[PDB]
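Note: ideal-geometry Cβ built from the backbone for every residue, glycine included; neighbour counts use all protein chains shown. Bear in mind these aren't lab numbers, they're just calculated from the coordinates by the rules spelled out.
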Amino acid sequence: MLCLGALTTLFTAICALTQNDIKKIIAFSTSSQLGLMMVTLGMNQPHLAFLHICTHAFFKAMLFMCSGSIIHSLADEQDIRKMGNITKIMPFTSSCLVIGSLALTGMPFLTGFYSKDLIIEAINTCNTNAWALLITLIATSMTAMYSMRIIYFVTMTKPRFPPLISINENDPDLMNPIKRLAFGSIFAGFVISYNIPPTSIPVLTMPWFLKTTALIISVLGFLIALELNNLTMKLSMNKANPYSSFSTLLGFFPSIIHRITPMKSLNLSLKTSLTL
Amino acid sequence: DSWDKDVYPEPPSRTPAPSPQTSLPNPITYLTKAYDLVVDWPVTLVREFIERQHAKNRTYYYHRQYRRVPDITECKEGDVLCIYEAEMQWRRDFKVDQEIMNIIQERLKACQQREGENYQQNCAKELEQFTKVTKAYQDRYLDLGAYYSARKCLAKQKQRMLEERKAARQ
Amino acid sequence: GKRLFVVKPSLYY
Amino acid sequence: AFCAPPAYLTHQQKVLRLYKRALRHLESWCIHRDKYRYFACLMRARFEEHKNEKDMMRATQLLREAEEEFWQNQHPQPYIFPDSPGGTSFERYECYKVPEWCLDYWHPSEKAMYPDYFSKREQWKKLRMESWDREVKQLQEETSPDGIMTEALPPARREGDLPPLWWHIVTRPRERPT
Amino acid sequence: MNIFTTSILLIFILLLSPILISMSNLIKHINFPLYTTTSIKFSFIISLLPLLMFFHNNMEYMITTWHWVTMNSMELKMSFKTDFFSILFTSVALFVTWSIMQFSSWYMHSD
Amino acid sequence: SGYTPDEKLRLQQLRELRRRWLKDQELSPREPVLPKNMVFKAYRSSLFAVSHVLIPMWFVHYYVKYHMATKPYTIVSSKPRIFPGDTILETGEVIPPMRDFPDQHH
Amino acid sequence: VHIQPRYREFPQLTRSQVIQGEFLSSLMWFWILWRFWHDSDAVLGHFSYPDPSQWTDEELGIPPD
Amino acid sequence: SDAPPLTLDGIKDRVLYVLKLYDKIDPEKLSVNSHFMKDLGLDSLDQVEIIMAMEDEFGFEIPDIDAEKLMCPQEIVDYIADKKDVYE
Amino acid sequence: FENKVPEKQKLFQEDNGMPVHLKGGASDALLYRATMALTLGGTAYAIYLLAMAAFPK
Amino acid sequence: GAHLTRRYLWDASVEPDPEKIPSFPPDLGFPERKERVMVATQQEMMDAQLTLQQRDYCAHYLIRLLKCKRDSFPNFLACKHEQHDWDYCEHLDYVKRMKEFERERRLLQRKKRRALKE
Amino acid sequence: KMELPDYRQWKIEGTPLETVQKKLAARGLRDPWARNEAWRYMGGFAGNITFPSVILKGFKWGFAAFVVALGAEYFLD
Amino acid sequence: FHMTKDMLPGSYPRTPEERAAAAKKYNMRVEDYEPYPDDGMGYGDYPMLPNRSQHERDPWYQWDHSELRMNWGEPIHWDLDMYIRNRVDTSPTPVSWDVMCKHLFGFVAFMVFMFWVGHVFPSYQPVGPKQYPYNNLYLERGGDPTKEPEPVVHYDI
Amino acid sequence: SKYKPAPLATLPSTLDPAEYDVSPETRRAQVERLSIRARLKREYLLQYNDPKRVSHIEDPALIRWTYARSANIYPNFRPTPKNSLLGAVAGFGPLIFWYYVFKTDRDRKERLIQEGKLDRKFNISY
Ligand SMILES: CCCCCCCCCCCCCCCCCC(=O)OC[C@H](COP(=O)(O)OCCN)OC(=O)CCCCCCCCCCCCCCCCC
């Protein structure tokens, strides 16, 4: 379970760095955090996994609701290449999207701090697979990186949408549930984690580089993704590489598996069972 | 309560006293009092009306008891009448035995839920009871097949008794 | 408002 | 969409198709608008400096090499418009594109709920009823005895007459019916 | 011991109420998205009640509502394990679903 | 190349009939021919609470008390936490307190 | 509720959306600052992780040699 | 609420707006019936770029064969109206 | 091994505005941020250790 | 950590493994060693219904924290002192475990020195 | 109806499109879609959005509320 | 209906006139029609259409069967029900199939090998085991009260 | 740096070499194919736009496809050594393999119960 969760969170973070559809990016974010929960269950910490279940539910609900408001305002436009300047054109949605991104990355004392940081502390300070540990830390850093990718390509830079502005987010049926989910994503982790009965006792005696590990890798992930986005802004074309092709095409797992297993299965069916 | 603790045992409840160190009111107590005064009183009034209507129209039903027909061990081969009698008696005992196992399993589940974390220590005597009743059920009814019968059960018991007698020789 | 007729199947039956 | 494809694409058509596809993948790579405009002007300069080739075998060879380079340098996940095939909202409203012949099968109560629209509807059906015979006669006139035949259709060549096979084109369901 | 079970079953009954309303042939007269959103928010409040109770006394409950079937020595009964995970995920899921239902009423208009 | 006169004339006539068909898709002002508000807190949310919440409360609570507690092992709860210094309501005894706690450095 | 569309200019921003967005952002930052002031266990903990090398051989109790 | 309906005059105004913002076309000589190579003197790459600009404005792709069929702003306006069902 | 100098001779004479220490791509920018993050962090850690030597307990 | 690279790269004979701890007699090098004393006993463990994982040598502080929370269930931010006491007890237990680990590591080094001296 | 702005306001001066135009004129090339593209760099969109400006939105009022809350806690205790 | 045996599929064509008749029946050209090899597999005179899925068909064209992307009267592939758009895809990929296969296999092998490396080289903390009182909780874990276990002694340090 | 097509990832129709080395025979072939497609399209459009039609349009291609897939296979089947071997393997090999798997497992289980080594914890309802 530990190895499987570490593998899937690493793979889905890899896909989410170069996905372009925003729903695809946050779906791979969902799969990465689900992998982190599987890691937490690989350790003997099921209650931390359930705490992150609740935390991740709040985060992804508000993140997809904000993305849906962006899509509905931009007339069913779904990828980040035809967005931009959201911080100025849609301030409420941009503010809540930034809140969700920071809370998902693990900005301290939000809902994500009381589950994700304890998960990183447990994996750093308990006996596990070393490679699973390293790729879990890398997956957390990449979580920061694709959250920064969403923030950059949606809420920053210049507008890239079609000119006709049909932006109207003033509907209370839009504004109120995002507000409730924002109140959740700010305070619910604190309230829940201070109301949990003490189970699955933690260790807190640890070095500083094993304590602030999650915050440090989140900060460096934000910085690396910011510099990558600035280089993409910079006027220069680079030749594509197999790493980016692998990450963009979902590791070739859908193409290979979804083309070879239905083909041999249905070909075996028709050409052997029925006919022969 | 139509059930009784000789067949469905239950330890007496030991709840602690409320000792509120804080000064804040308890919304649980407030909502419990409001829920009682709003919900429990009309429900218990309707139930009292229903029960006095039942007392006005009260009837009785009985639990059927079957006398013991002669067993299949004294049953002659090929005489289908007392074969049928012993077979239906064995079927009735089989169904009663199934319900006996159901009561024991329900008791074990109740012990586990009541003890919670301490189920590895306080459920020991009914875990031993469950192990004994499971072993006896496996001795009398296991591996009979879909067409289980009194004759098949007797053949299995005779084979097991012969095995135990041969093991008791040495 | 400029409402337009929408085409639907026979839901009466 | 509204024009039927020919037997073959000419060399100019292939070059323009490659130009449009290359510029679409170029904007997919560039994302930012000034970068896209710079690189698009560079690609336009490349096409212009290979424009005036007179051999046409060298032009076909250059087209082959250009499309090999395009397949090597294309975006793995290009930008697709939502209403275009492969898009997010492609064929989204086909579950609402209900064909017009169910109005023939509605009950008189639902028909009575919309009286004047249905009166216009039998007006359209009767217009179709004379125009169908007229257009079958016209299409029988227009067919060449032998040789090449394309999917293009003639228009009405006299007054008071309608273009042949107009019903499925005119009375198609709306793109956003609801 | 009665308020807890009554609250859990009221959560389930409040969830099943809009389905019966939907098949009850009065959707054409009432506002079904608003009615269902109110139903989910009330389910959230009556789900908060056992959340506070479990935060106080940490009692874990097992409720055997309906006996479905008995097959020899195996008794299939409709039972609910109202646990820490069950209560907390019920409250979180109901709050999230209330938000999603209001967002759906905004989003999937002209449908 | 551009539209042939064969096809440009057809699309002009086909689109002209397309405007007329879409014009006829409009509705008359009489279409379709179909054959105590108070405030939200006092009527809209109060009638919902006494009908969709209070009425199902009574039917559920009747089943919970008079059709679940009557069966033996239906509602089973874990034992409550008993700490030193607590008083048992049912029994009336007091559990003795803990030891002297030698470590009190923090 | 509805507002007039714009062709190529900046859209007209209502006051409600900007005030509520600023309020939510300010509330999040106030919560972070308040918790960082009160319980700053996000950095270093509060336990001062010991150095095993500075421990003495007498309290570790190995035989001397 | 959202997604206001399109008009024929709005489509014509927007198409003429983008063709006026194009540099190779002088806005005084530009008309709704101005042919792209006959009396505007452009070429096929410019035609492709014009169709791409209309596509990027209106947010949907014109397929390729209709794209080389379209050659004046009146035809482009008629195609947009036929595609988005703008009857007035 | 293959002569890849002329293709790398095209990726550096581009007058794209980046200085000579950054034209190679995202690896160089990452590495330059990395050598900023440990030199300045090291210098700040150096002056703390010198101050701790300066002031005893 | 530095112990991992020293075990996997420098030497594994003198640097221990986490499984067989301790690998030495407890009285070796200690003239007298007192048994570890515990406050709570099994009756209050069972009455407090502690998880068998958390029935360690800080169970008395855990029972104090749980009693504080159950008493002041409203205003749940009222057992910070008891939580700190329990966490510092767990920190002391962790430091005790590190002390045992370092003691048996130095005992392995002493065994290596004895084998070299022989 | 909806009225369009006057296309003549869409200029090139002070824009990354001017930077692109200079870079293209260094190679003897002219970009004809620049005025069509120019609306995204003028008016309300004419501003450089920075990552600190995105993250620290509302930080001034959050800090003010934090200082007010600290003063309230000091006055109450 | 009105479909007779001269329009239904028949036996494998041998003579060129039979091949021309089969091509005219399937509404193909004589040069384009090419039946399956005569291996006795029940194919008959049914043509070998190229093994390309319906995804590669032109999506901007108004096919008569728009879900199937096919016109009316054209020959239907023998594997239509597996080459439909809900099913197996044969469209060209931006990167070659063997490259994708070797990249997937190399990624999986790299992950498995490094997981084995991390298993043989575990990462932990410089601590001992967790100390548990009362003979490692002998009675709590379900030990026999009548039997007396071997005492497990933990010492202060 | 060359695209390698597969049966599951075919060669692009404009990256194939046959489209650039085109011949007048090929051009006449595509002209004839367009002619056949246009005749079929005209026939289907007439049948589709006929208002007197009161039924669905039958598809002879679909009828031929179903007849070839269902009722023609056994008339056109001839026994060869290859398909005889294929049928024998596909009809007996899985049966023999699963027979040996189940027989080995059941014999091992029976041996374990008859020697008493296999215990049944609470298996009472088998
Ligand atoms: C470190 C350890 C690592 C361990 C790694 C272990 C890996 C295990 C992998 C297990 C799963 C393998 C098989 C998965 C098959 C998935 C097939 C599928 O659903 O493909 C979808 C595909 C169409 O979807 P696609 O084209 O991708 O996307 C739509 C874009 N137009 O195609 C379709 O939709 C076709 C429609 C269905 C056709 C019939 C399919 C029948 C399949 C029967 C399978 C029976 C055997 C299953 C064995 C499972 C074993 C676990």
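The spacing between the stretch F:41-106 and the stretch L:75-97, judged by their C-alpha centroids, is 62 Å. Listed by chain and number, the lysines whose alpha-carbon sits under 16 Å from that of L:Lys147, ignoring those within fewer than 8 places in the same chain, are B:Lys125. Label sites at D:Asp133 and J:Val37, each approximated as a point 7 angstrom past Cα along Cα to Cβ, lie 11.7 nm apart.
Kirkwood hydrodynamic radius computed over the stretch L:1-46 comes to 10.9 Å, based on all pairs of distinct alpha carbons. Principal axis analysis of the Cα atoms in chain E yields extents of 53, 37, 20 Å, listed in decreasing size. Tell me, what HN-Hα J-couplings in whole Hz come from the Karplus equation 6.51 cos²θ - 1.76 cosθ + 1.60 at θ = phi - 60° for each residue of the stretch A:211-219, using x for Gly and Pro? 3J(HN,Hα) across the stretch A:211-219, in whole Hz: 8, 8, 5, 5, 5, 5, 6, 5, 5.
Under a Gaussian network description of chain D, with springs only between Cα atoms under 10 Å, the residue in D:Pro99, D:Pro164, D:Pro115 that fluctuates furthest is D:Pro115. Can you work out the PRE-style zone for L:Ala109? Point 7 Å along Cα to Cβ, and I want the residues of the stretch M:6-41 with backbone N under 19 Å. Residues passing the 19 Å test: none.
With a cut-off of at most 14 other beta carbons within 10 Å, and DSSP calling the residue loop, which GluC sites (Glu not before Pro) in the stretch M:55-126 qualify? Please list them. Walk me through the numbers on the way to the answer.
Working: sites: M:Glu58, M:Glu110, M:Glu115; in loops: M:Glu58.
Counting only loop positions with at most 14 other Cβ atoms within 10 Å, the GluC sites (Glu not before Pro) in the stretch M:55-126 are M:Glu58.
Consider all pairwise Cα distances in the stretch M:13-104 and report the whole-number % of them above 21 Å.
On the way: 2913 of 4186 pairs.
Tail fraction, whole percent: 70.
Diffusion coefficient of chain J by Stokes-Einstein, Kirkwood radius over Cα pairs, 4 °C, 1.567 mPa s: 74 µm²/s. Couplings 3J(HN,Hα) for the stretch A:195-208, derived from phi with the Karplus relation 6.51 cos²θ - 1.76 cosθ + 1.60 (θ = phi - 60°), are 9, 6, x, x, 9, 6, 4, x, 9, 10, 8, 7, x, 5 Hz, where x marks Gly and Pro. Taking 35 Å as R0, compute the FRET efficiency from the Cβ-Cβ separation of L:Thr4 and L:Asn51 and round it to 0.05. That pair, L:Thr4 with L:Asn51, gives E of 0.70. Note on B:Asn57 and D:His107: their simple-model spin labels are 4.2 nm apart, each label 7 Å out from Cα toward Cβ. First select every other residue whose beta carbon is under 11 angstrom from the beta carbon of L:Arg14; then total the charges, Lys and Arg +1, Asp and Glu -1. Spelling it out: positives minus negatives among the neighbours equals -3.
Just how many % of Cα pairs in the protein assembly as shown lie over 69 Å apart, if you round to the nearest whole percent? Beyond 69 Å sits 24 percent of the P(r) for the protein assembly as shown.
Cross-link partners for L:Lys24 among the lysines, with Cα-Cα distance under 18 Å and sequence neighbours closer than 8 places in the same chain left out: L:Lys5, M:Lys41.
Among J:28-36, A:242-250, J:62-70, what's the highest-first ranking by average C-beta atoms within 10 angstrom per residue?
Listed from highest to lowest mean packing, they are J:62-70, A:242-250, J:28-36.
Rounded to the nearest 0.05, what FRET efficiency do A:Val191 and A:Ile216 give with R0 = 35 Å and r taken as the Cβ-Cβ distance? Could you check?
Details: r = 27 Å, r/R0 = 0.77.
After rounding to 0.05, the efficiency reads 0.80.
For chain H, the longest principal axis of the alpha carbon atoms and the long axis of helix H:8-21 meet at an angle near 40°.
For the listed residue pairs A:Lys116/L:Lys130; K:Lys23/M:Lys4; J:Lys96/M:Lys121; H:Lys24/H:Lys69; I:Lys8/L:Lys102; D:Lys35/M:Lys2, the alpha carbons are over 30 angstrom apart in K:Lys23/M:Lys4; J:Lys96/M:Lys121.
Would you work out the relative contact order for chain E, in percent, from Cα pairs under 8 angstrom that are 6 or more residues apart? The partial results should precede the final answer.
Details: 98 pairs, mean separation 31.2, N = 111.
With pairs under 8 Å counted, the relative contact order is 28 percent.
Rounded, prolate or oblate for the stretch B:3-85? Axes are the square roots of the Cα gyration tensor eigenvalues, ordered a ≥ b ≥ c, and the cut-off for rounded is a/c under 1.5. Judged from the Cα gyration tensor, the stretch B:3-85 comes out oblate (a/c at least 1.5, b/c at or above a/b). Selection among A:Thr128, F:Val39, M:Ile57 by position relative to the dipole of the protein assembly as shown gives M:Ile57 as farthest towards the positive end (Cβ unit charges, Cα centre). Each of B:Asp79 and K:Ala64 was given a label point 7 Å from its Cα along the Cα-to-Cβ line. The distance between the two points is 10.6 nm. Here the stretch B:1-61 and the stretch A:234-276 have alpha carbon centers that stand 63 Å from each other.
In nm², what is the average projected area of the convex hull enclosing the Cα atoms of chain A?
On the way: hull surface 77.5 nm².
That works out to 19.4 nm², a quarter of the Cα hull's surface.
Size of the dipole of chain F about the Cα centre, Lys and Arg at +1 and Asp and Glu at -1 on the beta carbon, nothing else charged, in debye to 20?
Details: 16 positive and 11 negative charges, 181 e Å.
Approximately 860 debye in magnitude.
Given the DSSP H assignment, sum -39500 (n - 2.57) over each helix run of at least 4 residues in chain D and divide by its residue total; what's the result at 222 nm in deg cm²/dmol, nearest 500? Walk me through the numbers on the way to the answer.
Numbers: 6 runs with 92 residues, N = 178.
Computed mean residue ellipticity for chain D: -17000 deg cm²/dmol.
Here K:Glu3 and B:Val46 are evaluated by their C-beta separation; at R0 = 60 Å the FRET efficiency comes out at 0.30. Under 20 °C and 1.002 mPa s, how fast does the stretch A:19-117 diffuse according to Stokes-Einstein, given a Kirkwood radius computed over C-alpha pairs? Answer in µm²/s, whole number. Using the Kirkwood radius from Cα pairs, D works out to 150 µm²/s.
Report the chymotrypsin sites (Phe, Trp or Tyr not before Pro) located in the stretch D:36-140 that are in a DSSP loop and have at most 15 other Cβ atoms inside 10 Å of their Cβ, or state none. Write out the running numbers ahead of the final one.
Numbers: sites: D:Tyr36, D:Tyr38, D:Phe39, D:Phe47, D:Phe70, D:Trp71, D:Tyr79, D:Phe90, D:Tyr93, D:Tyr96, D:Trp101, D:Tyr105, D:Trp106, D:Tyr117, D:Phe118, D:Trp124, D:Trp132; in loops: D:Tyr79, D:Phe90, D:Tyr96, D:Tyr105, D:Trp106.
Answer in residue order: D:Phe90, D:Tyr96, D:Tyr105.
Of all stretches in chain B that contain no chymotrypsin sites (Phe, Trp or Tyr not before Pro) in a DSSP loop with at most 14 other Cβ atoms within 10 Å, the longest one is B:67-146. What is the distance in Å between the Cα centroid of the stretch B:131-170 and that of the stretch L:1-24? When both Cα centres are located, 72 Å separates them. Scanning chain M for trypsin sites (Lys or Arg not before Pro) that sit in a DSSP loop and have at most 14 other Cβ atoms within 10 Å, the longest stretch containing none of them is M:54-116.
Rounded, prolate or oblate: which fits the stretch A:98-149 when a ≥ b ≥ c are the square roots of the eigenvalues of the alpha-carbon gyration tensor, with rounded for a/c under 1.5 and prolate only if a/b beats b/c? Cα axes put the stretch A:98-149 in the oblate bin.
Please check which bits of the stretch F:32-70 a label hung off E:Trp66 would reach, taking the label as a point 7 Å along Cα-to-C-beta and the cut-off as backbone N under 15 Å. The answer is F:60, F:63-64, F:68. Remark: relative contact order (chain L) = 14 percent; criterion is Cα-Cα distance under 8 angstrom and separation of 6 or more residues. Where does chain I land on Rg/Rh, using Cα atoms and the Kirkwood Rh? Reported Rg/Rh, Kirkwood definition of Rh: 1.34. Note: the stretch H:3-88, Cα convex hull, 91 Å³ per residue.
A DSSP coil position with no more than 11 other Cβ atoms inside 10 Å describes none of the trypsin sites (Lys or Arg not before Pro) in the stretch L:24-76.
Shielding value for M:46-52 is 5, the average number of Cβ atoms from other chains within 10 Å of each residue's Cβ.
With +1 assigned to the C-beta of every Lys and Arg and -1 to the C-beta of every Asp and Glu, and no other charges, what is the dipole magnitude of the stretch H:3-88 about the Cα centre in debye, to the nearest 20? Before the final figure, lay out each step's value.
Values: 9 positive and 21 negative charges, 43 e Å.
About 200 debye.
What shape does chain D take by its C-alpha gyration tensor, where a ≥ b ≥ c are the square roots of the eigenvalues and a/c under 1.5 counts as rounded, a/b above b/c as prolate, and the rest as oblate? Before the final figure, lay out each step's value.
On the way: a/c = 3.79, a/b = 1.70, b/c = 2.22.
Oblate, because a/c is 1.5 or more while a/b does not exceed b/c.
Subtracting the Cα-Cα distance of A:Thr272 and A:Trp208 from their residue separation scaled by 0.36 nm leaves 16.7 nm.
Computed over all pairs of different Cα atoms, the Kirkwood value for the hydrodynamic radius of the stretch E:23-86 is 15.2 Å.
In degrees between 0 and 90, to the nearest 10, how far off the longest principal axis of chain D does helix D:33-49 point, with axes built from Cα atoms? Computed tilt is about 80 degrees. Exposure proxy shown here: for A:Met237, D:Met129, the number of other Cβ atoms within 10 Å sets the order, fewest to most, as D:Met129, A:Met237.
Around the Cα centre of chain J, unit charges on the Cβ atoms of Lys, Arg, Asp and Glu (plus for the first two, minus for the last two) sum to a dipole of about 620 debye.
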